[PDB]
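In structure tokens, one chain follows: the form deposited in one PDB entry.
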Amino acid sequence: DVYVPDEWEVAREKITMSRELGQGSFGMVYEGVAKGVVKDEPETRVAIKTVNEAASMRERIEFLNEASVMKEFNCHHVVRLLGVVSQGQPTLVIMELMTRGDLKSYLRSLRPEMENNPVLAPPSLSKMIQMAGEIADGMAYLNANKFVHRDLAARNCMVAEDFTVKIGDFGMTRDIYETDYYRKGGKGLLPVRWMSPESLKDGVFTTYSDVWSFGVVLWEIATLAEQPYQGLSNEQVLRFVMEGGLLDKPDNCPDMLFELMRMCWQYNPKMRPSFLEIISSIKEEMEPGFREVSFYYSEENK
């Protein structure tokens, strides 16, 4: 209850909303431009989240306090919060713009249409490794900052104009990939196909179970976002995973990438590599700019 304005408060006048990006949890999300949100830049391309006009006072406070979790983060591989407009209406939350949208939708858009037209080949191992490192870098940064994600999935990663993959905005929720969630034990909605055996048994999530879900993200990149354990129902996924069952090596998936998936899928969470360990194993394969922008190569990484 009660949202208190702070240093993240931006004057409404500085924001210009243009085209819709799509329906969000609390309202329409727009693309636009902002004045003085990235230092003194007069014109920054931004994403603008809104609260619908009818919404109560509580909903606006809930929206504001939820988005305020992002105020703590500053990483090149984590989608940035740039400002808040909590004075007057519409209530807004200004964030970094990712023109290519979610990673699952981006991956699914790469599938051959099948209409006799020429098609771009599936992402190369180099392009797949680049995406791996970016995600793992965002995640190592969050873990270092004492966070456990609990819903690492391609749907919860965003693709920038230049193809940079980043960890998407937190607690987004509702309306998007409903089939990606299951009412386990007839209780709360859980991303069961992305869950570790231990999080399936006891409902506890750690950086180790985030590591398990990273392995599943690599599998989504490799399959162009197929449903994990596609032939199985949600109940069958639960039995299969807790019993030590694993995803199949995607067709034409390089061994090196499948080996990495298998490390993330070690039954014992303590035998799974950390995000730092994952980055280290692939640092040689990343674009040269990675050494200058990553959390991995930063002073903050111990």
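In case it trips you up, residue 1 is the first one in the sequence shown, and so on. If you superpose the two forms and keep the largest set of C-alpha atoms that fall within 1.5 Å, you have the rigid core.
The same protein has a further form, the form solved in complex with a small molecule, not shown here; the description that follows concerns it.
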Original post:
Does each of 127, 162 and 288 have at least one heavy atom within 4.5 Å of the small molecule in the deposited bound form?
Top reply: yes
**OP:** Flag residue 93 as yes or no: does it have a non-hydrogen atom within 4.5 angstroms of any non-hydrogen atom of the small molecule in the deposited bound form?
**Re:** yes
Original post:
How about residue 272: is it within 4.5 Å of the small molecule in the deposited bound form, going by heavy atoms?
Top reply: no
Original post:
Quick one: is residue 220 in contact with the small molecule in the deposited bound form, heavy atoms, 4.5 Å cut-off?
Top reply: no
Original post:
Quick one: does residue 133 come within 4.5 Å of the small molecule in the deposited bound form, counting heavy atoms only?
Top reply: no
Original post:
85, 78, 211, 225: which sits within 4.5 Å of the small molecule in the deposited bound form by any heavy atom?
Top reply: 78
Original post:
Exactly one of 34, 247, 264, 67 has a non-hydrogen atom within 4.5 Å of the small molecule in the deposited bound form; which residue is it?
Top reply: 67
**OP:** After fitting the rigid core, tell me which of 172, 200, 128, 160 has its Cα displaced by at least 2 Å between the shown form and the other one.
**Re:** 172
**OP:** Kindly check if the Cα atom of residue 51 is displaced 2 angstroms or more between the shown form and the other one relative to the superposed rigid core.
**Re:** yes
Original post:
When you overlay the rigid core, is the Cα of residue 236 off by 2 Å or more between the shown form and the other one?
Top reply: no
**OP:** Establish whether a shift of 2 Å or more occurs at the C-alpha of residue 264 between the shown form and the other one, with the two forms superposed on the rigid core.
**Re:** no
